[PDB]
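Coming up are structure 1 and structure 2: the same protein chain in two forms, each one given alone as structure tokens.
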Structure 1
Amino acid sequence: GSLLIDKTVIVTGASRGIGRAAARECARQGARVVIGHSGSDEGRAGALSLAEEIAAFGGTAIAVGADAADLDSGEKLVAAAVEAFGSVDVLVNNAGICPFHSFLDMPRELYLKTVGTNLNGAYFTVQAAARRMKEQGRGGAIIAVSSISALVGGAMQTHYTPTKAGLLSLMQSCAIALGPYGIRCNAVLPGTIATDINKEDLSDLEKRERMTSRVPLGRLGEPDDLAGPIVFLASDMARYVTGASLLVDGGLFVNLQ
């Protein structure tokens, strides 16, 4: 594919799941990809194996550790991208956590780590990438991976849903601030995205059937289901799209019981 030929794409949280699938598809569309990961041993291992898979089909990618909760990570990722590839053209902000926990006994540290990682870290990663895009003067695209939970509630996600709605709101306000520099800012809202079914347990499979019944398309999402929408929003197919959000949920949001 050639939707992102000669663009440098940073993807945060890209060692597994949606970010992994997005980074891969960006590389398949001709981009040179900075695979950001958490800096953990599993994160590094997944980032490097993705880099290998990309190298195998002729792509170009590097892996960069950068804990999203560390607010210095944005400039570290931009610096690594500019050092290796000379530019930053697309940011896919995807790193996040969702430690389910009840509201009335939520500890401060868990709440603050969730906001810190999902929203504050995103803020300054977007800021670092957008600064570089403005300095280049060639435009850019920023995509925040948020969630259907940006639009509705979850009882075990009182600390989590505000960060997802926060991300949507950040893209709306950045769209105004960065529009004069040709930088488009949008959000994708994944619904229920499943992990590999061959690795699930029997109990995990029984919950899969109930959640699947809730989706009009008749199946849970896969990480690759988010790659097309992310690459669309990063590309010239979306040349007039900014300040927008896009549900990628198989109809889950509209399917009121």
Structure 2
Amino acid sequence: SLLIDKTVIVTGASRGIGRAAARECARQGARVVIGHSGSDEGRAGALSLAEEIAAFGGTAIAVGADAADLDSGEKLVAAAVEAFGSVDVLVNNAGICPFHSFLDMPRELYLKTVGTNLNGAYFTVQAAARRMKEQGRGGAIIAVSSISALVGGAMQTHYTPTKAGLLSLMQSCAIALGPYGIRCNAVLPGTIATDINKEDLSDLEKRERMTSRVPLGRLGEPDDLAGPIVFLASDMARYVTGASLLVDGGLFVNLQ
């Protein structure tokens, strides 16, 4: 019960890493605000997670909030306060990676990736931190960045800057919000088999090349990110802020 009586907001929590984090936080005692994109599949996934959490004795609510809408942060916080009376943890997880080459990158596709992954995160973090500061009990903010915050991707020239920007946002927010006991950290998943790279890793030569580079011998799954996220949200991480935590089975270090 590492998160008992904490209100946790998770953005883009209908599937993948965010769904697994939302589910494990509820298992750890937290009252979970399941943020979703507002699409048909997003809403359906958030409600089925809320149903699942209800089934094992936890509390959760679903709240639509398009991350590219810079006003959805305050919507999430308002709903969290209505249902649960506080905001104590923000897991900023919503993000997209539409694989695309650099020289013909459309302006709209680039702007949508920065808008969803970084700009919307900035103002979602801003709204949650505002509430945490008003409450005066401290707080915990976790950004789902990437190994690709540290290294490049040829088909991700529009995406890796948003993941690096998210990490840097956590570093700067750690200074700004430290005096209020609000801890700001980034988690950096490696290659996690999810919808975001289902088509990409359908190329079995690329899948094998990537898997061979993982010392632990497997790609990740969403639950691999739940423990790290719960840790960073918990009192186990009471002196951890401004930090980066790679969760990649050793992918980053494996040069030879």
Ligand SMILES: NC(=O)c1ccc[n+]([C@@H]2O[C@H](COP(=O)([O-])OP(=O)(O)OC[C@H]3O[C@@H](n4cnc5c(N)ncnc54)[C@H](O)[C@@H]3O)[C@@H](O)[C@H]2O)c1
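For numbering, take structure 1's sequence and count from 1. We call the rigid core whatever largest set of C-alpha positions still superposes within 1.5 Å between the two forms.
Undergrad: Determine, for this pair of isolated chain forms, which one is the form deposited without nicotinamide-adenine-dinucleotide.
TA: The form deposited without nicotinamide-adenine-dinucleotide is shown as structure 1.
Undergrad: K207: after superposing the rigid core, is there a C-alpha shift of 2 Å or more between structures 1 and 2?
TA: Shift at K207: 2 Å or more after core fit.
Undergrad: Once the core is superposed between structures 1 and 2, does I197 show a C-alpha displacement of at least 2 Å?
TA: Where the cores coincide, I197 still shows a C-alpha shift between structures 1 and 2 that is 2 Å or more.
Undergrad: Core overlaid, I230 C-alpha shift between structures 1 and 2, how many Å?
TA: Rounded to one decimal, the shift is 0.2 Å.
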